[PDB]
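Here we start with a single chain on its own, the form deposited in one PDB entry, put down as structure tokens.
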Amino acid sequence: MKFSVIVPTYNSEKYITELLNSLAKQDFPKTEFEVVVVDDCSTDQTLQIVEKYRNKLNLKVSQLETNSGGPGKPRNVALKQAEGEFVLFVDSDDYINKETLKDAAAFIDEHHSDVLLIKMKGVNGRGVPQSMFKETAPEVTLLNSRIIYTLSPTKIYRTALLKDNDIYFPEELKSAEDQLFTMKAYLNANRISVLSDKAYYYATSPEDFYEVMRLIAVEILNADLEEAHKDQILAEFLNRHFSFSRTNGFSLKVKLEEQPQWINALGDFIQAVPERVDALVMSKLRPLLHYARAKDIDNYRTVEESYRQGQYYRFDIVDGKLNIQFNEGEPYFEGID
């Protein structure tokens, strides 16, 4: 088979059909794809609604004997069952365009992609990564595009890519586990493609979270790539992470007494990042990497408060940028813009 649509479900009764409908209206033979539903022990009758489609859709259904508390274990069970050449993970609260597997299969055979991103579209007023879906491109890398800014599994992966290199979702860690999954697939793919000719996918404690980030840093730095390139990929991940994750501004939002917990977990993540990589990151994040690596919340918070108020202990203006000293006796950080 060409594809395996993978659907993790838990109490998905209210909108599972709109998903299963989109899989039935596919301008693509039901002969060449399967829908692999693995239910995380739903109370309602999602699995009964899913059974209505067993005579129109090539259909596989399992149910876990107990709730795992996340989509990781459901997806992994579905991934091991899948026989299709390519795999697509879909949220039961979502649906896909009718041309999706039509256009993907056509694209895949032209350019034998290992990973194919398909352009997304938010419904009901739902934020969706945009910056990497402005062009269709049969070949993008982690360093010439913004694919690292979208790590959701709502993408098309070659099944053997995930299976040959043992890429599976974390089951033990349940915050942002999909980022480690898609990062691994990126680093292992020989060809990554972006297809944007239309909109295909429609979207409707810190110790676990930063354990995943530490594993991502470990995974980049041990990839089978050139040393200079590994450092640059990790720099781009840290740019994205400090701009868009919960790390951004945490010393301004998190309650003071919980902040030592955050700096300790963030520090174990940043201590896996060699200091040499700080020079590759956006200059404004270098002070944050510095005090995170030292696990110094007071100076970390001062930097973030200083940024937020535009108040600095001392600074110079050189080449239209700021060289900032955030506290007495602390180093100057240069080129901040």
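From 1 onward, residues are counted along the sequence shown.
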property: Count class of coordinate-free deposited residues lying between the neighbours residue 204 and residue 205; result: 10 or more
property: Stretch exceeding the other in mean C-alpha B-factor - 270 to 278, 64 to 72; result: 64 to 72
property: Comparing 30 to 38 with 285 to 293, the one whose average Cα B-factor in the PDB entry is higher; result: 30 to 38
property: Deposited CA B-factor, highest of 78, 123, 228, 132; result: 123
property: Member of 328, 13, 319, 316 with the greatest C-alpha B factor (per the PDB record); result: 13
property: Assigned third (lowest, middle, highest) for the C-alpha B factor of residue 155; result: middle
property: Third assignment of residue 223 from its chain's C-alpha B-factors; result: middle
property: Among modelled residues of the same chain, the CA temperature factor third for residue 169; result: middle
property: Residue 302, C-alpha B-factor rank within chain (lowest, middle or highest third); result: lowest
property: Entry-reported Cα temperature factor of residue 254, expressed as the chain third it lands in; result: lowest
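Omitted from view is the form deposited with a small molecule bound, to which the following refers.
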property: 34, 304, 278, 40 - the one with a heavy atom within 4.5 Å of the small molecule in the entry with it bound; result: 40
property: The small molecule: the contacting residue among 211, 219, 91, 103 in the entry with it bound [heavy atom, 4.5 Å]; result: 91
property: Listed range touching the small molecule, judged in the entry with it bound by heavy atoms within 4.5 Å, from 48 to 56, 288 to 296, 26 to 34, 64 to 72; result: 64 to 72
property: 4.5 angstroms heavy atom contact with the small molecule in the entry with it bound for residue 12; result: yes
property: Partner contact for residue 126 in the entry with it bound: the small molecule, 4.5 angstroms, heavy atom; result: yes
